[PDB]
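Just so it is clear, the values below take in all heavy atoms, side chains as well, and ignore hydrogens, waters and symmetry mates. So you know, we letter chains A, B, ... as the sequences are listed, proteins then strands, and number each from 1.
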Amino acid sequence: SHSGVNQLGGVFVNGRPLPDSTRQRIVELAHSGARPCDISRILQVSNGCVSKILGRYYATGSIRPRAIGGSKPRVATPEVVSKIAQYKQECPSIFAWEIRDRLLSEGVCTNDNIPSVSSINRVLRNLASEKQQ
DNA sequence: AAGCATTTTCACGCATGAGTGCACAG
DNA sequence: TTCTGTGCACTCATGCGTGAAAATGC
């Protein structure tokens, strides 16, 4: 990414959150009685942004930005993960492909959402450390 | 009887960044 | 041969701030 200047002379990084320092400032200024437009002017942050941050702060008490990107589980869904754990639990010596075949035959997954063996072992590894935590 | 200021909204164009499944290796 | 661990490149459905138009407010 790269920094830029907005119509107010403020530096912003397109697609990224405003620095925590600015976010704290925003709430700090509001707390002392500054209206959103004042905060916008002083901190050279867009009015819409000031509004969103302040709004979310009042609703959640958080100044931290939410998680951008990533993705949601496609094959390793919670029920599938429970099942995988379920299979390993009752037969530790079981192979990933054996676990795959099971998820399929039992109908926990369709040929469209069946995890790759790799993912299955990844799931298994994720569970392993999880219980070490 | 007349407008500018504020605040509210959200389309935009951006940058991801979790989850997945390969090739490769032990 | 099999299997499972590593490292990678890919994917898109997210959330970002901005800018500006639509509401309000004053």
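The CZ atom of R56(A) sits 15 Å away from the P atom of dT9(B) (whole-angstrom rounding). At whole-Å resolution of the value, CD1 in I53(A) and P in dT8(B) are 14 Å apart. One interatomic measurement links the two molecules: CD1 of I26(A) to P of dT7(B), which rounds to 14 Å at whole-angstrom precision. In this entry the distance linking CG of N121(A) with P of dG21(B) reads 12 Å, nearest Å. When the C1' atom of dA15(B) is taken as reference, atom CZ of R66(A) falls 18 Å away, rounded to whole Å. As a whole-Å value, the separation of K52(A) NZ from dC12(B) P is 18 Å. Rounded to an integer number of Å, the gap from CD1 of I120(A) to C1' of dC22(B) is 15 Å.
Near DNA chain C, defined here as any heavy-atom distance below 4.0 Å, the residues from residues 70-98 of chain A are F95(A), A96(A), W97(A), listed numerically.
Hydrophobic clustering (side-chain heavy atoms under 4.5 Å, transitive across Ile, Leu, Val, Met, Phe, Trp, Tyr) keeps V11(A) apart from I53(A).
Residue contacts shown for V13(A) are absent, as no nucleic acid heavy atom lies under 4.0 Å away. Residue contacts shown for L124(A) are absent, as no nucleic acid heavy atom lies under 4.0 Å away. The residue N14(A) sits close to a base: some heavy atom pair falls under 4.0 Å. Looking at heavy-atom distances under 4.0 Å, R23(A) makes contact with sugar-phosphate atoms alone, never a base. Nucleic acid contact for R64(A): none, since no nucleic acid atom lies under 4.0 Å from a heavy atom of the residue. Using a 4.0 Å heavy-atom cutoff across all strands shown, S51(A) reaches at least one base atom of the nucleic acid. Looking at heavy-atom distances under 4.0 Å, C37(A) makes contact with sugar-phosphate atoms alone, never a base.
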Practice item. Step by step, work out the side-chain contact (heavy atoms from CB on, under 4.5 Å) result for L8(A) and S40(A). Key: CA-CA 9 Å; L8(A) 273 44; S40(A) 173; 3.7 Å; yes

Practice item. Go through the steps to decide whether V80(A) and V75(A) satisfy the test side-chain contact (heavy atoms from CB on, under 4.5 Å), and finish with yes or no. Key: CA-CA 8 Å; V80(A) 171; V75(A) 306; over 6 Å; no

Practice item. Go through the steps for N113(A) and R74(A) under the test side-chain contact (heavy atoms from CB on, under 4.5 Å), then give the verdict. Key: CA-CA 7 Å; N113(A) 60 35; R74(A) 283 144 271 163; over 6 Å; no

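Taking CD1 of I120(A) as the start and CD1 of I84(A) as the end, the distance is 5.0 Å to the nearest 0.5 Å. Note that CD of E79(A) and SG of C109(A) are 8.5 Å apart. Values are rounded to the nearest 0.5 Å. Atom-to-atom distance recorded for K83(A):NZ and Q89(A):CD is 11.5 Å, nearest 0.5 angstrom.
If you find the closest nucleotide of DNA chain B to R16(A) and to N47(A), the one lying nearer the 5' end belongs to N47(A).
For the residue pair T22(A)/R25(A), the side-chain donor-acceptor check at 3.5 Å is not satisfied.
Direction change of the helix axis from one end of the helix from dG3(B)-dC26(C) to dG26(B)-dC3(C) to the other is 30°, with five pairs defining each end axis (rounded to 10°).
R35(A) has no side-chain polar atom (N or O) that falls below the 4.0 Å cut-off from OP1 or OP2 of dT7(B). Taking only side-chain nitrogens and oxygens, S118(A) never comes nearer than 4.0 Å to OP1 or OP2 of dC22(B).
Contact footprint of chain A on DNA chain C: nucleotides with an atom under 4.0 Å from a non-hydrogen protein atom, first to last in 5' to 3' order, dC3(C) to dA20(C).
For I39(A) against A30(A), the heavy-atom pair with the smallest separation is CD1-N, 3.6 Å. In this structure, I68(A) and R16(A) approach most closely via the heavy-atom pair CD1-NH1, 3.7 Å. When all heavy atoms of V117(A) and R100(A) are compared, the pair lying nearest together is CG2-CD, 4.1 Å.
Listed for the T60(A) side chain is no donor-acceptor partner under 3.5 Å among the backbone atoms of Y57(A).
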